[PDB]
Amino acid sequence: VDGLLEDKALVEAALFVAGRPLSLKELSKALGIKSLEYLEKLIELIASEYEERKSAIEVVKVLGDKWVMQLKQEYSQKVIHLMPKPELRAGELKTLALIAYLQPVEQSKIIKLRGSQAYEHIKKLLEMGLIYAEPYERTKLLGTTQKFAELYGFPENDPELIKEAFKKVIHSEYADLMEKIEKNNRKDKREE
């Protein structure tokens, strides 16, 4: 069931999630298409179907054989004030997912699975008010705040539902750390 409509639906999903220019030789590696002739045909298609759709989104080739899924000039100028302005880096966001899944987690455990790198991520996330640091037996316990819940779509702020939703995120996007979770769990089970 590795059909053509699924090859094409995968192409447009990559152009949606990338937001940046990408070439056929670049998509060929990540998407896994062999014949660049076939991959290119899918993008002229996906571009025309948005063209005849008269939709605000458009797919055009830019610079050296690279394709994008931008917004048209005519509408981007209208929705300028809706662009997000993120404040967190890739490392801080990665440590936030670890805290949101292990919570309540001892601060020393995070820095074990992150290095002294996270010493400034935890300070930044407490500064942003997205995590708490409750003092516990000469160390700290980290978890997500109410502000984290509103920002991320949990009106409930159920700590068990958040530990679930970020178990997928850690598995999906941070697979190296996810086994670094597992490898340490096997260590603690053997150690004591």
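The numbering used is simple: start at 1 and walk along the sequence shown.
- In this entry, 159 to 167 shows the higher mean Cα temperature factor of the pair 125 to 133 and 159 to 167.
- When the C-alpha B-factors of 102 to 110 and 74 to 82 are averaged, 74 to 82 comes out higher.
- When the CA B factors of the chain's modelled residues are split into thirds, the value for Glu182 lands in the highest one.
- The deposited CA B-factor of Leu141 belongs to the lowest third of values across its chain.
- Ranked within its chain, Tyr38 lands in the highest third, by CA B factor from the PDB record.
- Sort the chain's modelled residues by C-alpha temperature factor and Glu173 lands in the middle third, per the entry.
- Ranked by C-alpha B-factor against the other modelled residues of its chain, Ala47 falls in the middle third.
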